[PDB]
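Throughout, read-outs are computed from the coordinates displayed, never taken from laboratory work. All Cβ positions, even for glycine, are placed from backbone atoms using ideal geometry, and neighbour counts span all protein chains on display.
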Amino acid sequence: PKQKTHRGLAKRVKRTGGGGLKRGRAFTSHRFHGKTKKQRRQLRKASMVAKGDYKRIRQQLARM
Amino acid sequence: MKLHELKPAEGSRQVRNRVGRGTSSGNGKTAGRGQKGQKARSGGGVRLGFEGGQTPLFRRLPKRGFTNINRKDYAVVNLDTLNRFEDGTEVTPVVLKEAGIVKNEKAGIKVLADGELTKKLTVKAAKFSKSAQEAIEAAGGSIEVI
Amino acid sequence: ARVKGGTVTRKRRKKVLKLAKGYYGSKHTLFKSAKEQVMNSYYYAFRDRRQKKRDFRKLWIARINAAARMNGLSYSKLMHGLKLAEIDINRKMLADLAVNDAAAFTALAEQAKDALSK
Amino acid sequence: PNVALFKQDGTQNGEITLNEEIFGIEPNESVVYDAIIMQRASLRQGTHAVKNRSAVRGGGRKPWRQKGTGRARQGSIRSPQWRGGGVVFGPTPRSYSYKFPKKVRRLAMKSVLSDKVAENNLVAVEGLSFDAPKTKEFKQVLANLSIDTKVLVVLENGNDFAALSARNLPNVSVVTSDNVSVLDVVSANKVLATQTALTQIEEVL
RNA sequence: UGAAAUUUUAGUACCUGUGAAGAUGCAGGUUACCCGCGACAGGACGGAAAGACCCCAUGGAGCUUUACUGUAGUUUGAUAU
RNA sequence: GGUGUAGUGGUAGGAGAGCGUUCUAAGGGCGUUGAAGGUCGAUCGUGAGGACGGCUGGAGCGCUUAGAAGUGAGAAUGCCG
RNA sequence: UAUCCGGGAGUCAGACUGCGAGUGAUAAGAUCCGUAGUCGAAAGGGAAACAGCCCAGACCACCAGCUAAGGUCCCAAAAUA
RNA sequence: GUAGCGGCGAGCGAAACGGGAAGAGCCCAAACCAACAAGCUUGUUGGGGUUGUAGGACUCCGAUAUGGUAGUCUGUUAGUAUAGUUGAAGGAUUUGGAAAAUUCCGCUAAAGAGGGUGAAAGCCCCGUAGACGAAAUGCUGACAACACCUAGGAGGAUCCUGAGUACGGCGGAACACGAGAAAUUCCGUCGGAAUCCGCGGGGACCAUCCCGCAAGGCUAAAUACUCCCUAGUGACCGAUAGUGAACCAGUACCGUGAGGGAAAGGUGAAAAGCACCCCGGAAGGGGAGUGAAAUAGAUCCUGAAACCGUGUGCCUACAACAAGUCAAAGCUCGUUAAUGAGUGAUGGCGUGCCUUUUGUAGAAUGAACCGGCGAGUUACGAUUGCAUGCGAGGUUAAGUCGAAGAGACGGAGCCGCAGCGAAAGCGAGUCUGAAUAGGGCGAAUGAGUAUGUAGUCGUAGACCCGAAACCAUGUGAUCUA
Ligand SMILES: [K+]
Ligand SMILES: [K+]
Ligand SMILES: [K+]
Ligand SMILES: [K+]
Ligand SMILES: [K+]
Ligand SMILES: [K+]
Ligand SMILES: [K+]
Ligand SMILES: [K+]
Ligand SMILES: [K+]
Ligand SMILES: [K+]
Ligand SMILES: [K+]
Ligand SMILES: [K+]
Ligand SMILES: [K+]
Ligand SMILES: [K+]
Ligand SMILES: [K+]
Ligand SMILES: [K+]
Ligand SMILES: [K+]
Ligand SMILES: [K+]
Ligand SMILES: [K+]
Ligand SMILES: [K+]
Ligand SMILES: [K+]
Ligand SMILES: [K+]
Ligand SMILES: [K+]
Ligand SMILES: [K+]
Ligand SMILES: [K+]
Ligand SMILES: [K+]
Ligand SMILES: [K+]
Ligand SMILES: [K+]
Ligand SMILES: [Mg+2]
Ligand SMILES: [Mg+2]
Ligand SMILES: [Mg+2]
Ligand SMILES: [Mg+2]
Ligand SMILES: [Mg+2]
Ligand SMILES: [Mg+2]
Ligand SMILES: [Mg+2]
Ligand SMILES: [Mg+2]
Ligand SMILES: [Mg+2]
Ligand SMILES: [Mg+2]
Ligand SMILES: [Mg+2]
Ligand SMILES: [Mg+2]
Ligand SMILES: [Mg+2]
Ligand SMILES: [Mg+2]
Ligand SMILES: [Mg+2]
Ligand SMILES: [Mg+2]
Ligand SMILES: [Mg+2]
Ligand SMILES: [Mg+2]
Ligand SMILES: [Mg+2]
Ligand SMILES: [Mg+2]
Ligand SMILES: [Mg+2]
Ligand SMILES: [Mg+2]
Ligand SMILES: [Mg+2]
Ligand SMILES: [Mg+2]
Ligand SMILES: [Mg+2]
Ligand SMILES: [Mg+2]
Ligand SMILES: [Mg+2]
Ligand SMILES: [Mg+2]
Ligand SMILES: [Mg+2]
Ligand SMILES: [Mg+2]
Ligand SMILES: [Mg+2]
Ligand SMILES: [Mg+2]
Ligand SMILES: [Mg+2]
Ligand SMILES: [Mg+2]
Ligand SMILES: [Mg+2]
Ligand SMILES: [Mg+2]
Ligand SMILES: [Mg+2]
Ligand SMILES: [Mg+2]
Ligand SMILES: [Mg+2]
Ligand SMILES: [Mg+2]
Ligand SMILES: [Mg+2]
Ligand SMILES: [Mg+2]
């Protein structure tokens, strides 16, 4: 059968032009009083999936 | 070629590797699986992305965004491709399709200014970038919105 | 496409058994015992092809020592004297002379003693 | 290129010219090999099956209790190690046919035909006409043309009497110009083709 | 007349020591001509039973309750008849 | 192909190159003047393995190239004899 | 030789010895680290036997030679130097 | 594997558009009219009518045609199924028991598919190509026959157009959609409409617009499967295989019963299956015969290994042996003729194989021995390497024709050529931001795609064997309570 896509990942990541995966940042839901404004400002920015994590999950996003 | 002298191109075909066929082959006994453990069992191994119970990366990360029901994507064409036509040519979505430049137009053709235009053309497309329109006009041509 | 066992298995086992010919009872009659003993024989044979050189050098040294003592000299003194006298005849030839050509061995011993004295 | 044209009587007529795009290309050995392998595989029927431990008759109950008997633990008398038990994996019905790119197919056909022409194993005859089918007469025709190895006789559609007289010969394989294949051309040591057949072949390719 | 459990092959000693730390098989020494028969049961950690004790498995099953979630029954009301 | 230098223990495991088995296609062969198979031999190759001869045997089988696998057993208290 | 990019893994029970500490009793073939070596995955020589100690890394042939640790009266090669 | 669903986990997962196979549309209820009977309506029958660019009734006109059928044991006809007939061409030579094999000359082919015949046959036989054939019964198609459907235009004043229905509440269920914002569809319960200025749907809901007309019914083809019958096919099995069953197999046997469930093929070309004689009670042998062969004698082709036994070339009764290896006298023998073979006094060294372990000769595990069988495979996807074709392009899928082939057509569709953003949107840029700033992701800085093959992975039993168990049908009170 067709290989299925991991819907959770599909919702949380985006494929970039270079083949990488763009992702959100954790610790951006609540309890912002426990983080400095610098932390919040720098977590607002997106990021890319690390090499090790990408090698673990790529097969689940092949046909995203 | 003769049926009694067939010869595949070098490197075109390889020999399948069979495991569990003696020790000297390098994959005897354990068949390259190692010793015991979950990965050494038939049907063994954990599901993709599983991390042994540590919260997986997708669980850590938050969901984001939404998909627009009325999303419109335009087939994109550039001045470099437009240069393939002759001066005075009437470029149309049908013309592009027949030429094979745009097999699938999606919501319609949008023209971008990645390349450098050189031919005078009358270009008809769903949309035009500002730079693309200026380049077409500078090349002596004209643009119309279908 | 089914490939039944055929005769390859018998051929392989018969080769092992022929190698095992002459072994005691089951060790030459039965394939499994034969293979185990043949493997041990291979191990012993490889080890012995190196031990054999050691053993023969040992035998030559013993015989040369006996001959040297009869000529009034120890094996160590004789070898040191021959080295000083530039003699390169090896222990195999020395033992051969001692057993067969006593006169030749005596001449070698005389030269060795002369070199030692000098 | 140009190939000598012979009359059925065996006397040679003036040459004829063949399209260079078809009979004048450089043969591509690897492409021809791929076509041959693919065609041979497609010929396979692939009907072959074995019964796994589920498909074998019976074998439901546990032969004996797990512990106590002193015997090796078993689950069914039809397990693969059991005599008469199921087969582990083994052949299962499936198709061996695959398809090449159309360009590869066309190149392979042109390559085999051009190889025949280059080696001069292509014999073009003005026409093969028999008022009635007679294998002796067709055999005499081959003798006139001086053909004694394996020959592929290519005939334009409708030359039924020629086909009937030629088919029964052991060294001859008859095919219509509309239905010619890489395997047929390669298998044949020589290719005897009528002028109309060559024209139809060129049109098809 | 005629089995069986067992059985890696065995030309199958003792002491001290060594060794996965308790050796017929390894080291040193000692003892011992070859093959049996009738008896004994020290050893072959003897045979028999993939230890039941103990621990482990994100195993099973039976049982309990103010564990959780359900539920048959029982009861109460609305409503239809 | 030659010279030189260096290197060539190895479990898990990775890479490469090969042997052998059944079958398919093509070519080229072998067989009641004896195939396969069995057995014996003091044979050849670096290895898996390959020949050759004697005897038994009585009808099918190699070889080269390529292709496909129910393709290699010594162990599973494996199954059957 | 290092990086980097990618295909394929196995490994997550370690052991001992020397040295530096802890725990222990300045006990353990104990336990837990740091450090180096060996075994693990290493045959060979010595330590009688003796995975982890000392010397030393087996691609093969030789009835050739020189040495390492360790040794030279006999078992047992070499000095009753 | 998209949109979505989902302790938003594990997973589940569409539909429309587009391309194809096949194609077919029709009948009522109601209004209205007539007949009949009862009790002006009220039931039966007939006529009439079947719809959304609203239709029908009804009222005018004009037509009494034109076409069709998804009807019939109605006939006629053609074909076909169920037996069959015909169907070319070789003799010698050598070996051999036997010729098809060898050699020499021939012959046939619309037949050189295949099978059998004393070994391997185009020409010996059965067949094959081809030609021909049906008294009888089926089946199919056509023809006719019968039968049944088939009307156009115009006006709306009124009438009809499916009620306990649609819908709503509550509780469930099906829709990929798990109550969620929830459409749509279905069930149970209760409430409960409108009706052409009407009604439903377009994913809560309202308005506009668009599309359609429920609560009645029927309908061939394309699709699914094969217990069977016929004709074939196989890089399918070849007697531990292949159906459990090649053989008197669901048999023997086991169980109270449900149920479970085997083993077992081969003489020879032809029985020519050993007349007769001898030992023996027979069995079984030895002759004599048959046969090419009887060590092919019915336990019958071949006849391996374990295991047993006979004969003997060498060794062995002072020896402590993982059974060997290295060295070696003696004796014996003469080979793929090799610096040979067998045996071996004696001396040196030396604790099996496998598994699992830090470590095993291990007093840890497994194997009594021999033989056979017995474990990473295939399908569909993902990705990487290698290879081929083409190349800013690559490529067809279903499907039609075709030998179960290749191949041709089929461009719908898929990947690539533009990215950025959650999105509107902009675009070699874009997002953030007040910013022409910085920064992120991209372009400059270009190769992809189809297929083959291999490695790995995913869904599948997924390398093989093994639970205690769980669940759903059944069979058991002939033991025992
Ligand atoms: K995210
Ligand atoms: K947070
Ligand atoms: K591996
Ligand atoms: K042990
Ligand atoms: K005892
Ligand atoms: K229990
Ligand atoms: K297999
Ligand atoms: K076994
Ligand atoms: K340490
Ligand atoms: K999908
Ligand atoms: K979960
Ligand atoms: K009507
Ligand atoms: K005959
Ligand atoms: K025949
Ligand atoms: K009939
Ligand atoms: K709903
Ligand atoms: K509608
Ligand atoms: K026989
Ligand atoms: K004997
Ligand atoms: K010995
Ligand atoms: K034990
Ligand atoms: K900016
Ligand atoms: K920027
Ligand atoms: K390529
Ligand atoms: K590939
Ligand atoms: K499986
Ligand atoms: K797998
Ligand atoms: K009773
Ligand atoms: Mg902090
Ligand atoms: Mg393959
Ligand atoms: Mg390995
Ligand atoms: Mg093994
Ligand atoms: Mg294991
Ligand atoms: Mg482990
Ligand atoms: Mg592991
Ligand atoms: Mg946790
Ligand atoms: Mg086997
Ligand atoms: Mg040395
Ligand atoms: Mg000790
Ligand atoms: Mg002891
Ligand atoms: Mg010993
Ligand atoms: Mg015990
Ligand atoms: Mg246990
Ligand atoms: Mg064979
Ligand atoms: Mg196998
Ligand atoms: Mg066995
Ligand atoms: Mg310790
Ligand atoms: Mg280990
Ligand atoms: Mg060592
Ligand atoms: Mg070890
Ligand atoms: Mg080395
Ligand atoms: Mg020296
Ligand atoms: Mg000495
Ligand atoms: Mg005939
Ligand atoms: Mg002939
Ligand atoms: Mg649902
Ligand atoms: Mg309701
Ligand atoms: Mg509704
Ligand atoms: Mg809407
Ligand atoms: Mg409408
Ligand atoms: Mg139908
Ligand atoms: Mg058999
Ligand atoms: Mg069977
Ligand atoms: Mg015989
Ligand atoms: Mg027999
Ligand atoms: Mg004595
Ligand atoms: Mg003696
Ligand atoms: Mg342990
Ligand atoms: Mg055992
Ligand atoms: Mg009763």
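Got a sec? Which of A:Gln39, A:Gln60, A:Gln3 is more than 16 Å from ligand 33 (Cβ to nearest atom), surrounded by 13 or more Cβ atoms within 10 Å (Cβ to Cβ) and touching a residue at least 40 places away in the same chain (Cβ under 8 Å)?
A:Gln60
Of the residues C:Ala109, C:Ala103, only one is surrounded by fewer than 13 Cβ atoms within 10 Å (Cβ to Cβ) and among the aliphatic types (A, V, I, L, M); which?
C:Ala103
Take the residues in the stretch C:11-24 that are charged (D, E, K, R) and part of a helix (DSSP H, G or I); name whichever of them is nearest to the chain's Cα centre (by Cα).
Filtering the stretch C:11-24 for residues that are charged (D, E, K, R) and part of a helix (DSSP H, G or I), the one nearest to the chain's Cα centre (by Cα) comes out as C:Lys18.
Within the stretch A:19-41, is there a residue that is within 7 Å of chain B (Cβ to nearest Cβ) and part of a helix (DSSP H, G or I)?
Checking the stretch A:19-41: not a single residue is within 7 Å of chain B (Cβ to nearest Cβ) and part of a helix (DSSP H, G or I).
Kindly indicate which of D:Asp148, D:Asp115 is closer than 30 Å to D:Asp34 by Cα and assigned to a loop (DSSP other than H, G, I, E, B). Write out each step before concluding.
Numbers: D:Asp115 fails: assigned to a loop (DSSP other than H, G, I, E, B).
Criteria check complete, one pass: D:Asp148.
Need the failing condition index for A:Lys14 against (1) more than 16 Å from ligand 29 (Cβ to nearest atom); (2) out of contact with any strand residue (DSSP E or B) (no Cβ under 9 Å at 6 or more places or on another chain); (3) among the basic types (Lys, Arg), just the number.
Among (1) more than 16 Å from ligand 29 (Cβ to nearest atom); (2) out of contact with any strand residue (DSSP E or B) (no Cβ under 9 Å at 6 or more places or on another chain); (3) among the basic types (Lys, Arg), A:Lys14 violates only (2).
How many residues does the stretch D:44-88 contain that are within 14 Å of chain C (Cβ to nearest Cβ) and either within 16 Å of ligand 3 (Cβ to nearest atom) or in contact (Cβ under 8 Å) with a residue 24 or more places away in the chain (or both)?
9
Among the residues of the stretch C:62-79, how many are surrounded by 15 or more Cβ atoms within 10 Å (Cβ to Cβ) and not aromatic (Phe, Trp, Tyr)?
Pass one, the stretch C:62-79, residues surrounded by 15 or more Cβ atoms within 10 Å (Cβ to Cβ): C:63-65, C:67-68, C:71, C:73, C:75, C:77-79.
From the residues that got through so far, the ones that are not aromatic (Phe, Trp, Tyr) too are C:63-65, C:67-68, C:71, C:73, C:77-79.
Matching residues across the stretch C:62-79 total 10.
Filtering the stretch B:3-25 down to residues that are surrounded by 10 or more Cβ atoms within 10 Å (Cβ to Cβ) and more than 35 Å from the chain's Cα centre (by Cα), which residue is farthest from ligand 35 (Cβ to nearest atom)?
Residue satisfying both the conditions and the ranking: B:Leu3.
Restricting attention to the stretch C:25-78, report how many residues are within 30 Å of C:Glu110 (Cβ to Cβ) and not in a helix (DSSP H, G or I).
The number of residues fulfilling the criteria is 4.
I need the full set of residues from the stretch B:49-79 which are of a type in the set (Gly, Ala, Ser) and either in contact (Cβ under 8 Å) with a residue 24 or more places away in the chain or surrounded by 10 or more Cβ atoms within 10 Å (Cβ to Cβ) (or both), in order please.
Residues of the stretch B:49-79 that are of a type in the set (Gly, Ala, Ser), as a first pass: B:49, B:52-53, B:65, B:75.
Those that are of a type in the set (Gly, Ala, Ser) and either in contact (Cβ under 8 Å) with a residue 24 or more places away in the chain or surrounded by 10 or more Cβ atoms within 10 Å (Cβ to Cβ) (or both): B:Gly49, B:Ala75.
Return yes when A:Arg25 is in contact with a helix residue (DSSP H, G or I) (Cβ under 6 Å, 6 or more places away or on another chain), more than 16 Å from RNA strand E (Cβ to nearest atom), within 21 Å of B:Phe66 (Cα to Cα) and not polar (S, T, N, Q) and no when it is not.
Yes.
Being among the acidic types (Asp, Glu) and either within 18 Å of B:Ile146 (Cα to Cα) or assigned to a strand (DSSP E or B) (or both) is the filter here, so list the residues in the stretch B:105-136 that pass it.
B:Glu105, B:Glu134
Any residue at all in the stretch D:42-60 that is assigned to a helix (DSSP H, G or I) and under 17 Å from the mean Cα position of the chain (by Cα)?
Within the stretch D:42-60 (the criterion being assigned to a helix (DSSP H, G or I) and under 17 Å from the mean Cα position of the chain (by Cα)), the answer is yes, since at least one residue qualifies.
Do we have any residue at all in the stretch B:91-110 that's buried (at least 16 other Cβ atoms within 10 Å of the Cβ) and charged (D, E, K, R)?
yes
Can you go through C:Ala62, C:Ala67 and tell me which one is away from RNA strand H (no atom under 16 Å from the Cβ), of a type in the set (A, V, I, L, M) and over 22 Å from C:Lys118 (Cα atoms)?
Result of the check over C:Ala62, C:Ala67: C:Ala67.
Within the stretch D:13-33, restricting attention to residues that are surrounded by 13 or more Cβ atoms within 10 Å (Cβ to Cβ) and polar (S, T, N, Q), which residue is nearest to the other protein chains (Cβ to nearest Cβ)?
Per the criteria, the residue is D:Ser30.
Looking at B:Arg71, is it within 14 Å of chain A (Cβ to nearest Cβ) and either more than 16 Å from ligand 34 (Cβ to nearest atom) or closer than 30 Å to B:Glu137 by Cα (or both)? Spell out the reasoning first.
On the way: within 14 Å of chain A (Cβ to nearest Cβ): no; either more than 16 Å from ligand 34 (Cβ to nearest atom) or closer than 30 Å to B:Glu137 by Cα (or both): yes.
Here the answer is no, as B:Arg71 does not meet what is asked.
Kindly evaluate D:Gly60 against the criterion of being of a type outside the set (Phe, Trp, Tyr) and touching a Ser or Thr at 6+ places or on another chain (Cβ under 8 Å).
When the stated conditions are applied, D:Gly60 passes them.
Do you know which residues across the stretch D:89-121 are among the basic types (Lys, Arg) and without any contact (Cβ under 8 Å) to a residue 60 or more places away in the chain?
Answer for the stretch D:89-121, where residues must be among the basic types (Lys, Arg) and without any contact (Cβ under 8 Å) to a residue 60 or more places away in the chain: D:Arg94, D:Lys102, D:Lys103.
Give the stretch C:80-90 a look and list any residue that's among the small types (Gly, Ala, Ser) and either part of a helix (DSSP H, G or I) or exposed (fewer than 12 other Cβ atoms within 10 Å of the Cβ) (or both), or say none.
Listed by number, the list holds a single entry, C:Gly81.
Can D:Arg94 be described as more than 14 Å from chain C (Cβ to nearest Cβ) and away from ligand 33 (no atom under 16 Å from the Cβ)? Working first, answer last.
Working: more than 14 Å from chain C (Cβ to nearest Cβ): no; away from ligand 33 (no atom under 16 Å from the Cβ): yes.
For D:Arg94, the condition - more than 14 Å from chain C (Cβ to nearest Cβ) and away from ligand 33 (no atom under 16 Å from the Cβ) - is not met.
So the check is Cβ under 6 Å with 6+ separation or different chains; which pairs have a first residue in the stretch B:21-48 that's away from chain A (no Cβ under 14 Å) and a second one that's of a type in the set (D, E, K, R) and within 16 Å of ligand 26 (Cβ to nearest atom)?
B:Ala40/B:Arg33
Just one of the numbered conditions (1) of a type in the set (A, V, I, L, M); (2) farther than 30 Å from D:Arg94 by Cα; (3) outside any loop (DSSP other than H, G, I, E, B) is not true of D:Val31; which one?
Every condition holds for D:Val31 apart from (2).
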